[PDB]
Structures are given as C-alpha cells and as structure tokens.
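This report concerns only the one structure given below.
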Amino acid sequence: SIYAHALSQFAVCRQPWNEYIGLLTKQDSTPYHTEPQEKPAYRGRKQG
Amino acid sequence: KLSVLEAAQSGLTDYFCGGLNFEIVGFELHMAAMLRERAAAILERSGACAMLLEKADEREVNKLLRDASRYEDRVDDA
Amino acid sequence: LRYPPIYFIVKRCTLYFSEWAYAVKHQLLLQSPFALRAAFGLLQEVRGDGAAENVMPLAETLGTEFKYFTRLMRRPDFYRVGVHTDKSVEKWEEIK
Amino acid sequence: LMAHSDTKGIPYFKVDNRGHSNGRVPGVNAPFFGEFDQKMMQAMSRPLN
Amino acid sequence: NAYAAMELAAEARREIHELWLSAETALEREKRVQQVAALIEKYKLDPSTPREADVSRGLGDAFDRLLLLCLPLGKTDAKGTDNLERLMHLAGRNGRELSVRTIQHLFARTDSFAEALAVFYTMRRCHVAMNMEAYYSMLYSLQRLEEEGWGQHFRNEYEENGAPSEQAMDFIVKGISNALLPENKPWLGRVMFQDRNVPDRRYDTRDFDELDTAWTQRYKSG
Amino acid sequence: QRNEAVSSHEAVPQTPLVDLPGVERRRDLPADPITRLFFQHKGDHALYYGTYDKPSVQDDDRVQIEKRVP
Amino acid sequence: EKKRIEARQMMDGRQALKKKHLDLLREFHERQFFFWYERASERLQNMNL
Amino acid sequence: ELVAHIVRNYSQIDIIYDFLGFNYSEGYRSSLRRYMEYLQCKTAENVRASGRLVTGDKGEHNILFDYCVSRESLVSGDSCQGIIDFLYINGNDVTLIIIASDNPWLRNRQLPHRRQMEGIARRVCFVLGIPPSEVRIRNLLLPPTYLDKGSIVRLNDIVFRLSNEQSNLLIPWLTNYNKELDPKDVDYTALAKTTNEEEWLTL
Amino acid sequence: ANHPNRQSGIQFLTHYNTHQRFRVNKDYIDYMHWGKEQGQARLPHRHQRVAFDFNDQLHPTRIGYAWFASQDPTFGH
Amino acid sequence: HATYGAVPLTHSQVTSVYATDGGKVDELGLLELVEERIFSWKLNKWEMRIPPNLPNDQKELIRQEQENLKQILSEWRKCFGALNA
Amino acid sequence: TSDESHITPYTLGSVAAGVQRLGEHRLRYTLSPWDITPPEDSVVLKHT
Amino acid sequence: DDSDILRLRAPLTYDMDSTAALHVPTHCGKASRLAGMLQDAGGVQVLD
C-alpha cells in the first residue's frame with residue numbers, strides 16, 4: 001500500500017486476550033504449582 | 001437449529017467477506033466504455049440501438065453497442 | 001554530511017485534537033471530491049428528517065445506495081482510476 | 001570436539017536448495033493471517049458449489 | 001579524546017566523497033590508485049594504529065565506497081592487493097560486517113580474472129567466513145568476464161565486416177555457450193530464494209548512488 | 001434444464017464476452033496449514049505429483065502409509 | 001484424440017519438470033561441495049602441521 | 001473461374017491460408033517468416049539473406065534472425081525459460097517474437113525472464129555498439145495455432161513501423177481479414193505467476 | 001492368539017506393509033521397557049499414529065513468533 | 001476423382017495450373033455459386049479424393065486436412081441453410 | 001485535548017532482532033573482533 | 001459542480017440513466033420465477 005497512512009494513525013491494534021484470560025483470577029490457583037501424577041492406563045485385555 | 005456462516009481462510013486472508021469484487025466490475029465497466037468509444041468513433045466517421053442510413057455501419061455500430069450493454073448488464077447483475 | 005547519518009522513526013504516544021484533525025483532513029483531501037460530496041448527499045438522503053420514522057428501512061436503503069452507485073460508476077473517475085487505486089505494490093511492479 | 005570449525009554451520013552457509021517441501025506455507029515460511037482452526041473443521045468440508 | 005579521532009575522520013570522509021563524486025576520465029586507474037594510497041597513508045588506516053584514535057570507526061558507509069574505490073588494480077606492481085587488505089583488516093577489528101551488496105559491487109568492479117582471484121584470496125586472509133554469496137558472486141564475475149571477452153570479439157569482427165555473423169546473433173540471444181549460473185534457467189543462481197546477480201555487469205558510480213539515494217527518498221516520503 | 005434454457009433464449013445467438021485472465025480455476029479446498037493431517041496441495045502443482053505406486057515426496061512430517069502386498 | 005493430445009501435454013510437462021529437478025539436484029550437490037571444501041580445507045591445514 | 005480469380009488477385013493467399021491454421025502439420029511458422037521477410041524487403045532498400053539471418057547493406061541496423069523452432073526445441077531438450085522464435089532489430093529497438101506453445105503448462109516459462117532481457121540488452125550493446133542508454137527490448141507472443149487480427153496489427157504497427165497507408169498499400173487483404181481469438185484460446189497471453197520458494201514444484 | 005511372537009496382534013491402523021503386526025520384519029517390539037506413554041507395548045508410538053482420537057491432539061507440523069505478527073500480540077507458541 | 005497421376009499441389013503449381021486472365025468476376029456471385037454446388041453434394045462425393053500413390057504418413061496428413069476442410073464446409077453449410085431460410 | 005494513541009506495531013519488535021535481521025545481508029568474520037589482532041606474545045602453531 | 005449532485009437525488013428513470021429501479025425483495029424471490037408468470041399471463045403484449 002503506497003498511500004493509506006491517513007487511516008494508520010487513528011487505527012487500532014487487536015487486544016491481548018491470551019494473557020488476559022491467562023491472568024484472570026482463578027479458583028484452582030495454588031501458591032506453589034504441582035504437576036499431577038500419572039493416571040492409570042489400559043494395558044490390554046489380560047492386565048486391565 | 002442453527003446455520004453458521006463464516007469465512008474459510010487457510011491463513012492467506014484476514015477478511016471475512018470482501019465487497020463486490022471491484023477488479024471485475026472495474027474491468028467490464030472499462031470494456032463497456034471502450035465499446036461506446038469505438039461505436040461513437042464510427043458513428044461520427046459515418047456522420048461525417050442506433051438507426052442509420054448505411055447497412056454496414058448500422059451492423060457494426062449495433063454489434064458494438066449490444067456488446068457494451070451486455071457488459072453493463074453484468075455489472076448490474078453483480 | 002559531515003557525519004554518518006542514522007534514521008529514527010518517532011511515534012507519538014498521544015494524539016492531540018489538532019493532530020487528529022490534521023490527519024482526518026489529510027484523508028478527506030486524499031479521496032475523490034465528487035464521491036465525497038455524493039456520499040454526504042446519500043447519507044442525508046437515507047437519514048431523511050432524523051426521526052425514528054423518517055429513516056429509510058433496509059429495502060429502500062439498498063435501493064437508494066443502488067441508485068447512487070449506478071449513477072457514479074459510469075464516470076471515468078471510478079472505473080478508470082479509483083479501482084486500481086487500492087492495488088498492492090508488487091501488483092504495480094508487475095504491471096510496470 | 002572432533003567437528004568444531006571456524007566456518008559457521010550449514011544455516012549460515014545456506015548450502016541447501018528447496019526449503020519446506022510444500023513451498024509457501026502460511027504457518028512455517030510466509031506470515032499467517034486470519035484465524036486458527038485448531039480442530040480440523042474447515043479442513044474437511046465438502047464444496048457446496 | 002576519541003571525539004578528535006571522529007572529527008579528523010569527518011574530514012577524511014569529506015575528501016573520500018570528494019574523490020568518489022569525481023568519477024571522471026581525469027581520474028585514471030593510476031591516479032585513483034595512488035590517490036587512495038595517499039588517503040590511507042595520510043589518515044593512518046593501517047592495522048598498526050591502536051583501537052582508540054582509529055580513523056576507520058567514524059567513516060559511516062564511506063568505508064565501503066572507499067573500499068571499492070581500490071578495486072581495479074593499476075599496472076605498476078602487485079602492491080595494490082595490500083591497500084585492500086589494509087582496509088578490510090580494520091573492519092575485522094572494528095566489528096563492522098561487510099554487506100553482501102558491498103562485496104557484490106566489489107567483484108563487479110574487477111577488470112581481469114587474476115584480480116577477481118586477488119580479491120577472493122584477500123578476504124580469505126582477512127578472516128571473512130565464506131558464504132554462498134561469496135562463491136556465487138565470484139562465479140558471476142568470472143562469467144561476465146568471459147561474456148565481456150566474447151562481446152569484444154564479436155563487435156570486433158563486426159567492425160571489419162559491417163554486418164553480424166549468425167554466431168554474433170545467437171551469442172546475443174542465448175549468451176555464453178555452456179555458462180555456469182545461466183540466464184535461460186534463472187532458478188539456479190538463487191540464494192535464500194532471492195536471485196543474486198548484481199556482479200554479472202559493470203556499474204558506474206551513479207548506479208550505486210542511485211540505489212542508496214532511492215532508499216533515502218523512500219525514507220523521506222513513505 | 002429445458003425450462004430455464006428456453007427462459008434465457010434470445011433471438012440472436014450471442015458471442016461469449018471476454019473475461020478476466022481467469023475466474024474459472026477450480027478453487028483449492030480450504031485447509032489449515034498449522035493443524036493438519038496433510039497439507040492441501042495446490043492443483044497448480046499437478047506436474048509434481050506421482051502415483052499410488054511411486055509417490056512424490058510430500059508431507060514429510062507425517063509417516064507414510066505402505067502398500068500392502070503378500 | 002483430444003484426450004491424447006492433453007495426455008501428452010501433461011507428459012511433456014512432467015518430463016520437463018524432472019529435467020528441472022535434475023538441474024536443481026546438480027546444483028545442490030555443487031553447493032554442498034563448496035561447503036565440504038570449506039571444512040576439508042580447514043582440516044588438511046591442521047594435518048599439514 | 002473462382003480459383004483463377006483467387007490466384008490473380010491474392011498473391012499471398014498461401015500465407016493467409018497458413019495464418020488461419022489450415023496447415024495442421026508444421027503450421028503457420030514458415031509463412032510468418034516469409035511474411036516478415038516480405039514486409040522487411042518492401043520496407044528497406046537492400047536485403048541480404050544469409051542462411052537464417054537477414055541484414056541490411058545500410059550501415060544502420062535492420063536485422064531479422066530466425067533462431068529456433070520453439071515448438072520442438074522447447075519439449076526436446078534442456079528445459080529452459082526464454083526459448084524464442086524470431087529476433088528483430090530495427091535500430092535502437094529490439095524485439096523478441098515468440099509463438100506460444102500449445103501446452104498451457106509450457107507457456108508459463110516460454111517468454112523470457114527479466115534477467116534474460118537485461119542480458120540480451122547489454123549483449124546487443126556490446127556487439128552492435130548501440131548506446132545502452134537508449135535500447136528498448138520488447139516481447140511479442142502470438143497465438144499458438146493461428147493468427148488473429150490483433151496480432152497482425154501489432155506486428156505491422158510496432159515491430160515494423162508501418163503507418164496505415166503504407167500498410168494498406170503493401171497488404172490490401174488486411175481489411176477483409178477479420179479473424180479473432182476463439183474463446184478456448186483467449187487466455188494464452190495471461191500466464192501463471194509463481195513464487196520463488198515454489199520453484200521445485202511447478203515449472 | 002496365544003502363540004508367542006504373535007502377541008502384537010492384528011492392527012490395521014499401523015503404517016507397515018502387513019496388516020498382521022507380527023509378520024512385520026522391521027520394528028521388533030520390547031514388551032518389558034515399552035509402553036509408558038502409549039498404553040500397551042503393541043500399539044504404535046505417539047508420533048507414528050495414523051488414526052486420531054476426538055479429544056487427543058494430532059501431530060505437530062514441523063518448523064525447522066515471526067509469522068504471527070498479524071495475530072493477537074500475546075498469543076504464544 | 002483421384003486417379004493414378006494425381007498430386008497434392010503446392011502454391012506455385014496452383015498458380016501455374018489455374019492461370020487465366022478475365023476481368024469480370026463477382027467474388028460474391030461466384031463464391032456463392034461454388035458454395036451452392038458443394039452443398040448440393042452428398043457425402044459420397046468426398047470419398048475417393050485422396051491421391052493414390054503417397055507415403056503412408058503423408059496420406060494421413062492429407063486425410064486430416066481433407067476431413068477438416070469437409071467438416072468446416074458442412075459446418076458452414078447448415079449455417080447458410082438457416083440464413084437463407 | 002489529548003488521548004492515548006494506538007502505537008502502530010514495529011516490524012521486528014526488539015533491537016537484538018534488528019541486529020540479527022540485519023546480519024543475514026552481511027558476512028560474519030571468522031574471528032570475533034577482540035581476537036583478530038595478533039597477540040603481543042608469539043604463539044608457535046603446533047598440531048592439535 | 002453543485003447542480004450535478006442535485007441531479008443525483010432524482011429517482012431513477014430509464015430515460016436518463018438506462019437502469020431499472022432495484023426494489024430488492026421482489027427481485028430476490030421472483031427473479032427466477034418471472035418467465036413462468038409471464039407465460040402464464042399469455043406472454044407480453046407489444047402495443048404502440
């Protein structure tokens with residue numbers, strides 16, 4: 001676009017939803033984060 | 001229950017929908033203008049829907065004009 | 001130049017009213033006068049009086065916009081000039 | 001240790017031809033515009049036309 | 001302190017531009033070469049000069065045009081190849097990397113083959129890490145040397161005849177027989193998906209200036 | 001087809017009008033590059049393609065199914 | 001007959017393309033040769049010592 | 001009667017008969033160069049024909065070069081881009097005349113890359129001694145199987161410079177010749193634009 | 001199938017040249033050390049799977065962010 | 001029809017074979033007269049026209065251009081029929 | 001009266017990115033700037 | 001010129017601008033139906 005700059009000054013950026021939803025106050029929050037342990041898997045018809 | 005219309009874009013385009021395609025419309029408007037040009041050229045060449053005193057000139061003038069109006073009809077259709 | 005140059009761009013974190021107005025006038029001058037005035041006429045024709053009744057409904061508005069569009073598109077201004085206005089840069093390079 | 005050289009690596013030398021095998025790819029090579037379809041919903045659809 | 005070094009460097013680039021903007025037949029190969037050597041020995045552009053009070057730091061972009069002002073190497077001595085390797089060595093100290101644009105015009109500046117090799121060897125001694133740009137710019141330069149040779153041959157035999165042979169014609173059309181990096185298949189000479197041929201022809205001073213002035217105008221407007 | 005053929009019928013059999021360089025390329029079906037089973041390959045590349053027996057190198061990031069033989 | 005002329009149109013196209021692929025492969029090998037020389041030179045320099 | 005009349009009036013009618021695609025084998029190429037050679041011979045005062053190259057005795061540049069047949073030489077060997085048919089040098093203007101291939105695949109390459117035009121330009125500059133300041137090198141690519149009015153007009157008017165009256169003098173039959181592009185053949189001119197990172201896929 | 005060396009089963013959903021997993025001479029599996037992340041040791045590894053679950057992610061597209069400039073500025077990898 | 005001794009003609013021998021001087025010729029009278037006679041033919045009139053002694057490839061070429069001349073001429077026949085109607 | 005202007009985004013977003021982006025149009029030296037210059041002592045080059 | 005924009009406001013005739021009025025909903029439904037309706041009415045009548 002050789003010329004369109006007139007619009008460029010009052011033009012508007014797109015808003016930061018990723019971190020806004022990241023930093024929302026959450027009810028699972030913990031002072032120190034622990035990764036969950038491993039869940040039981042399915043080892044086949046004999047093992048369960 | 002619900003019919004959802006959206007834009008399918010493979011990452012090539014950030015538009016949901018454009019307007020009329022202005023390239024097409026501009027194109028055929030230009031063509032129509034050019035045919036009116038040639039038709040006027042020969043109308044004033046013999047003058048030196050158009051009804052004349054010469055069969056050849058009536059022929060080609062009317063062909064030109066008809067085609068022009070067809071183009072304009074495509075724009076109008078758009 | 002006595003010394004090697006550097007090239008800075010300077011962004012303003014604040015627009016003033018005068019500044020903004022300068023921008024918007026710089027655009028109004030940058031587009032076809034006939035269609036500026038025309039479109040003003042069209043807006044004030046749809047708007048009508050401005051009362052909730054006098055505004056055109058959708059069916060009349062599409063028709064009105066059509067009337068103006070149809071009348072303007074004929075002019076060399078739109079098809080010969082303005083249509084190719086918005087082309088990308090590489091398009092103009094390929095055409096040149 | 002055995003291979004350590006003053007000449008910088010392959011990437012600096014740009015020895016390779018080709019590139020991504022599909023040519024221009026919005027995610028990888030070129031820029032990406034518009035919206036992410038994370039489920040494959042738009043990627044398999046039937047042309048209605 | 002070093003502010004003085006930079007000032008004297010300002011006078012330096014003033015007269016570098018002075019002789020660059022000349023670009024006249026009044027400046028002959030011999031004259032340009034010895035004028036350049038004169039500048040270097042005036043302003044102490046040797047690598048022996050300490051880090052501070054190094055004049056080559058404050059030459060913005062006049063360094064490259066001073067650099068390719070060396071290139072065609074006059075017929076006196078093999079001394080010439082040293083001027084070049086002085087300049088480059090300083091860059092090596094200072095930290096300024098050589099732009100591919102600069103070395104491309106550097107090869108485009110070369111008159112004969114031994115000189116092209118002279119340059120490549122010189123930047124071998126100067127600890128330049130060879131890229132694909134280096135190699136392809138060199139090859140291009142060889143190719144244009146041969147193309148130039150044949151162009152000379154056919155215009156020559158056209159002169160003593162008055163109408164071209166068919167060899168002259170198809171040389172004009174398809175270029176050099178069995179060229180390396182040829183035109184008819186453009187996709188070969190490419191590096192990083194951009195075609196590399198600057199070096200395939202000569203450039204005047206005003207060509208170089210045209211490109212960077214274009215850049216400047218683009219800044220001042222867009 | 002019959003009813004709408006008669007509907008559009010004019011008296012003179014008019015010549016086709018010249019159009020844009022083309023509008024008639026069959027479009028490429030949309031797919032997302034980033035999350036993919038496979039890349040949607042252009043039909044513009046139709047020269048590059050191989051057969052079921054001897055496939056051209058493509059979709060490298062994905063495992064290639066093998067032909068099943070006795 | 002029409003089917004055959006367009007069949008050989010596509011065939012000629014493909015054979016042309018694998019000619020082009022051939023040139024590309026040659027020049028790929030050339031490139032990685034230059035690089036090879038950059039490393040191998042460097043090693044033999046050391047072996048001279 | 002009618003055929004006698006045809007022969008007596010239309011001298012070049014074999015040329016025309018070829019321009020209309022009625023030569024199904026080896027068609028319309030040779031008649032084009034017979035035509036161009038005729039045009040040049042009536043344009044200039046002296047014409048030598050040496051093999052595939054035609055020159056003027058003038059000392060000013062008039063040159064017609066029959067280079068390759070771009071039909072076979074295109075699909076035959078060394079897949080390339082800028083394969084052309086004729087070269088015509090009018091003085092400071094140079095013109096590459098190309099006959100479009102019938103492969104819609106193989107057209108996209110056929111007309112020369114910009115690098116090839118730079119090359120040809122400065123090569124002519126070396127050989128003919130023409131000033132590199134003023135050189136204008138252009139392309140003309142004609143329809144594959146036949147020849148329309150548009151192509152002949154821009155062959156007469158631009159490549160050779162012929163004002164309407166000297167053309168109407170030299171070529172009477174152009175007025176009666178109405179042939180235009182068929183719908184199937186319209187797009188031979190418009191060519192696929194391919195990216196540089198895409199070069200491994202498409203020609 | 002109770003025969004040893006036939007335990008890997010009948011899987012069609014592999015990429016190999018036989019639909020019978022136990023005739024395949026390419027990748028011999030390891031029943032003791034394998035299958036932490038994939039469940040059973042018979043089944044194909046996370047990266048070789050040619051069939052995909054509803055709520056499971058499918059394969060990553062390899063690169064080998066610069067190109068997201070048009071997107072949400074915060075949007076991460 | 002085609003007989004032993006028939007040759008496909010080049011332009012020069014067509015100019016040689018039919019060369020007759022006469023002044024008054026209506027292009028548009030004669031053209032339509034000949035046209036009319038060709039539209040009066042039945043399809044068997046196209047049958048024996050290929051020259052008897054030729055190499056087979058060349059024969060194939062002549063067959064092609066003959067069939068295209070006939071196809072074009074009939075394609076024009078019906079058009080003219082409608083026009084006249 | 002003033003207002004917050006939406007900054008039109010930069011291409012590279014950081015200066016380091018600026019240098020690296022600029023650096024692909026250039027040729028790296030084999031040796032870093034501080035060791036190019038020969039030492040004041042003399043290092044006899046042996047085999048490794 | 002002002003008189004030209006005054007002209008824009010006039011309703012569409014076929015004498016000036018050679019285009020029929022748009023009226024949209026009728027065109028939306030009945031555009032493809034028109035041949036049918038017309039021939040049900042026994043075709044048009046060309047009067048003088």
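In the structure tokens, each chain is lettered A, B, ... as it comes, each chain's residues begin at 1, and ligands are numbered from 1 in order of appearance.
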
Within 10 Å of residue 7 (chain D) using only C-alpha atoms, minus same-chain residues under 6 positions, as a compact mmCIF listing (two decimals) with N, CA and C atoms, in the first residue's frame:
# COMPACT_ATOMS: atom_id res chain seq x y z
N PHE D 13 25.82 -20.89 6.04
CA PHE D 13 26.37 -21.07 4.71
C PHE D 13 25.27 -21.15 3.65
N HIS E 127 39.99 -13.09 7.13
CA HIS E 127 39.14 -13.84 8.05
C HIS E 127 37.67 -13.58 7.79
N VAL E 128 37.30 -13.52 6.52
CA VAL E 128 35.90 -13.49 6.14
C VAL E 128 35.40 -14.92 6.00
N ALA E 129 34.30 -15.22 6.68
CA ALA E 129 33.71 -16.54 6.59
C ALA E 129 32.92 -16.63 5.30
N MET E 130 33.35 -17.55 4.44
CA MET E 130 32.78 -17.67 3.12
C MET E 130 31.37 -18.22 3.17
N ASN E 131 30.50 -17.54 2.44
CA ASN E 131 29.10 -17.86 2.40
C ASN E 131 28.78 -18.31 0.99
N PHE G 35 30.75 -26.23 0.50
CA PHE G 35 30.82 -26.33 1.95
C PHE G 35 31.82 -27.40 2.37
N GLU G 38 35.14 -26.12 2.31
CA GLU G 38 35.43 -25.22 3.42
C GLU G 38 35.83 -25.96 4.69
N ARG G 39 35.21 -27.10 4.95
CA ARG G 39 35.62 -27.87 6.13
C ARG G 39 36.92 -28.64 5.89
N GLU G 42 40.10 -26.71 5.89
CA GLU G 42 40.42 -26.43 7.29
C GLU G 42 41.06 -27.61 8.03
N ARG K 28 29.70 -12.65 8.26
CA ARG K 28 30.36 -12.84 9.55
C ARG K 28 31.86 -12.98 9.38
N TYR K 29 32.64 -12.41 10.29
CA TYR K 29 34.06 -12.71 10.30
C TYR K 29 34.29 -14.03 10.99
N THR K 30 35.37 -14.70 10.60
CA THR K 30 35.70 -15.99 11.16
C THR K 30 36.05 -15.82 12.64
N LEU K 31 36.70 -14.70 12.95
CA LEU K 31 37.14 -14.38 14.31
C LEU K 31 36.43 -13.17 14.89

Margin query: Residues of chain I within 10 Å of chain K, counting only C-alpha atoms - could you list those as a VMD selection string?
Written below: chain I and resid 66 69 to 70 73

For residue 2 (chain A), please output as a PDB file with N, CA, C and O atoms, in the first residue's frame all residues within 8 Å (counting only C-alpha atoms; exclusion window: fewer than 4 positions along the same chain).
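Printed below is result_12.pdb as written:
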ATOM      1  N   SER C  88      -1.900  -3.715  -4.544  1.00  0.00           N
ATOM      2  CA  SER C  88      -0.694  -3.920  -3.750  1.00  0.00           C
ATOM      3  C   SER C  88       0.495  -3.308  -4.472  1.00  0.00           C
ATOM      4  O   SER C  88       0.340  -2.735  -5.547  1.00  0.00           O
ATOM      5  N   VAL C  89       1.680  -3.421  -3.890  1.00  0.00           N
ATOM      6  CA  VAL C  89       2.857  -2.849  -4.522  1.00  0.00           C
ATOM      7  C   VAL C  89       3.419  -3.751  -5.610  1.00  0.00           C
ATOM      8  O   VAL C  89       3.820  -3.279  -6.679  1.00  0.00           O
TER       9      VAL C  89
ATOM     10  N   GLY E 222       7.600   7.886   2.346  1.00  0.00           N
ATOM     11  CA  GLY E 222       6.620   6.874   2.729  1.00  0.00           C
ATOM     12  C   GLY E 222       6.243   6.796   4.199  1.00  0.00           C
ATOM     13  O   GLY E 222       5.363   6.021   4.586  1.00  0.00           O
TER      14      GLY E 222
END

What lies within 8 Å of region 14-28 of chain L using only C-alpha atoms, ignoring chain neighbours under 4 positions off, as a compact mmCIF listing (two decimals) with C-alpha atoms, in the first residue's frame?
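And here's selection-v4.txt as it stands now:
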# COMPACT_ATOMS: atom_id res chain seq x y z
CA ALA C 59 -35.40 -2.35 1.42
CA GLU C 60 -35.36 1.35 0.50
CA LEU C 62 -30.37 -0.92 -0.64
CA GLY C 63 -32.36 0.65 -3.48
CA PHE C 66 -28.01 1.30 -5.72
CA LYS C 67 -29.29 4.49 -7.34
CA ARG C 71 -25.05 6.76 -11.32

Against chain D, which residues of chain G fall within 6 Å? For each one I want the closest pair of atoms and the distance in Å (one decimal), counting only C-alpha atoms, rows by chain and increasing residue number, as a Markdown table.
| residue | atom | partner | partner_atom | distance |
| --- | --- | --- | --- | --- |
| G:28 | CA | D:17 | CA | 5.9 |
| G:31 | CA | D:15 | CA | 5.4 |
| G:32 | CA | D:15 | CA | 5.6 |

Notebook entry, point to check: Got a sec to pull out which chain G residues are within 8 Å of chain F, counting only C-alpha atoms, and send them as number ranges by chain?
Noted result: G: 10, 13-14, 17

Next item on the list: Write out as a count of residues only the residues lying within 8 Å of region 148-154 of chain E, counting only C-alpha atoms and excluding same-chain residues fewer than 5 positions away.
Entry: 5

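Summary of the local environment: counting only C-alpha atoms, residues at most 8 Å from region 178-187 of chain E, other than itself and those fewer than 5 positions away along its chain, are residues 139, 140, 143 and 195 of chain E; 80, 81, 82, 83, 112, 113, 115, 116, 119, 196 and 199 of chain H.
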
Can you write just those residues out, C-alpha atoms, as a PDB file, in the first residue's frame?
ATOM      1  CA  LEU E 139      31.304 -17.172 -10.308  1.00  0.00           C
ATOM      2  CA  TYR E 140      29.075 -14.427 -11.670  1.00  0.00           C
ATOM      3  CA  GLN E 143      31.006 -15.404 -16.232  1.00  0.00           C
ATOM      4  CA  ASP E 195      18.358 -14.040  -7.160  1.00  0.00           C
TER       5      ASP E 195
ATOM      6  CA  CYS H  80      14.572 -23.639 -20.287  1.00  0.00           C
ATOM      7  CA  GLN H  81      12.655 -20.455 -19.948  1.00  0.00           C
ATOM      8  CA  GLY H  82      13.231 -17.873 -22.618  1.00  0.00           C
ATOM      9  CA  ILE H  83      13.101 -20.004 -25.751  1.00  0.00           C
ATOM     10  CA  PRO H 112      11.985 -14.631 -21.218  1.00  0.00           C
ATOM     11  CA  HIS H 113      12.885 -13.925 -17.580  1.00  0.00           C
ATOM     12  CA  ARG H 115      17.358 -11.367 -16.200  1.00  0.00           C
ATOM     13  CA  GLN H 116      17.450 -12.705 -19.802  1.00  0.00           C
ATOM     14  CA  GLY H 119      21.393  -9.970 -20.616  1.00  0.00           C
ATOM     15  CA  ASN H 196      10.489 -18.229  -5.876  1.00  0.00           C
ATOM     16  CA  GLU H 199      10.204 -23.352  -7.903  1.00  0.00           C
TER      17      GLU H 199
END

Item checked: Between CA of residue 11 (chain G) and CA of residue 198 (chain H) - distance in Å to one decimal ->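 That distance, rounded to one decimal, is 20.5 Å.
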
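Residue neighbourhood of region 95-99 of chain H, excluding near-sequence residues (fewer than 6 positions): residues 84, 85, 86, 87, 88, 89, 137, 138, 139, 140, 141, 142, 143, 144 and 159 of chain H, at 7 Å, using only C-alpha atoms.
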
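Listed by chain and then by rising number, the residues of chain A that DSSP assigns to alpha helix (DSSP H) from the backbone are residues 5, 6, 7, 8, 17, 18, 19, 20, 21 and 22 of chain A.
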
Kindly save the residues from that selection, with N, CA, C and O atoms included, as a PDB file, in the first residue's frame.
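What landed in out21.pdb:
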ATOM      1  N   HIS A   5      -1.823   5.677   4.836  1.00  0.00           N
ATOM      2  CA  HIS A   5      -1.335   6.178   6.149  1.00  0.00           C
ATOM      3  C   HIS A   5      -2.331   7.101   6.864  1.00  0.00           C
ATOM      4  O   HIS A   5      -2.250   7.172   8.105  1.00  0.00           O
ATOM      5  N   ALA A   6      -3.222   7.792   6.147  1.00  0.00           N
ATOM      6  CA  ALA A   6      -4.122   8.682   6.868  1.00  0.00           C
ATOM      7  C   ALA A   6      -4.846   7.908   7.966  1.00  0.00           C
ATOM      8  O   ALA A   6      -4.938   8.344   9.116  1.00  0.00           O
ATOM      9  N   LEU A   7      -5.327   6.732   7.580  1.00  0.00           N
ATOM     10  CA  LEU A   7      -6.051   5.832   8.460  1.00  0.00           C
ATOM     11  C   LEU A   7      -5.157   5.249   9.557  1.00  0.00           C
ATOM     12  O   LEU A   7      -5.619   4.974  10.664  1.00  0.00           O
ATOM     13  N   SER A   8      -3.876   5.074   9.244  1.00  0.00           N
ATOM     14  CA  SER A   8      -2.944   4.359  10.116  1.00  0.00           C
ATOM     15  C   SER A   8      -2.797   4.972  11.517  1.00  0.00           C
ATOM     16  O   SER A   8      -2.449   4.267  12.470  1.00  0.00           O
ATOM     17  N   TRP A  17      -6.022 -10.978  24.357  1.00  0.00           N
ATOM     18  CA  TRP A  17      -6.904 -11.902  25.059  1.00  0.00           C
ATOM     19  C   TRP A  17      -6.178 -13.079  25.681  1.00  0.00           C
ATOM     20  O   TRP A  17      -6.636 -13.616  26.688  1.00  0.00           O
ATOM     21  N   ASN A  18      -5.056 -13.488  25.104  1.00  0.00           N
ATOM     22  CA  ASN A  18      -4.392 -14.681  25.603  1.00  0.00           C
ATOM     23  C   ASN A  18      -3.923 -14.516  27.046  1.00  0.00           C
ATOM     24  O   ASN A  18      -4.226 -15.356  27.903  1.00  0.00           O
ATOM     25  N   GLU A  19      -3.211 -13.431  27.336  1.00  0.00           N
ATOM     26  CA  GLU A  19      -2.764 -13.213  28.707  1.00  0.00           C
ATOM     27  C   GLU A  19      -3.875 -12.664  29.585  1.00  0.00           C
ATOM     28  O   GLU A  19      -3.820 -12.823  30.802  1.00  0.00           O
ATOM     29  N   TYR A  20      -4.870 -12.006  29.003  1.00  0.00           N
ATOM     30  CA  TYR A  20      -5.952 -11.518  29.838  1.00  0.00           C
ATOM     31  C   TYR A  20      -6.708 -12.710  30.400  1.00  0.00           C
ATOM     32  O   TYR A  20      -7.086 -12.708  31.568  1.00  0.00           O
ATOM     33  N   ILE A  21      -6.920 -13.737  29.588  1.00  0.00           N
ATOM     34  CA  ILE A  21      -7.605 -14.919  30.094  1.00  0.00           C
ATOM     35  C   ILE A  21      -6.638 -15.747  30.938  1.00  0.00           C
ATOM     36  O   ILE A  21      -7.051 -16.442  31.869  1.00  0.00           O
ATOM     37  N   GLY A  22      -5.348 -15.663  30.636  1.00  0.00           N
ATOM     38  CA  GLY A  22      -4.363 -16.300  31.489  1.00  0.00           C
ATOM     39  C   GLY A  22      -4.371 -15.745  32.909  1.00  0.00           C
ATOM     40  O   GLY A  22      -4.357 -16.498  33.883  1.00  0.00           O
TER      41      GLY A  22
END

Notebook entry, point to check: Tell me, which residues of chain K carry DSSP strand (DSSP E or B), written as a PyMOL selection string?
Noted result: chain K and resi 2-4+26-27+29

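Of note, CA of residue 60 (chain B) and CA of residue 17 (chain F) are spaced 16.2 Å apart.
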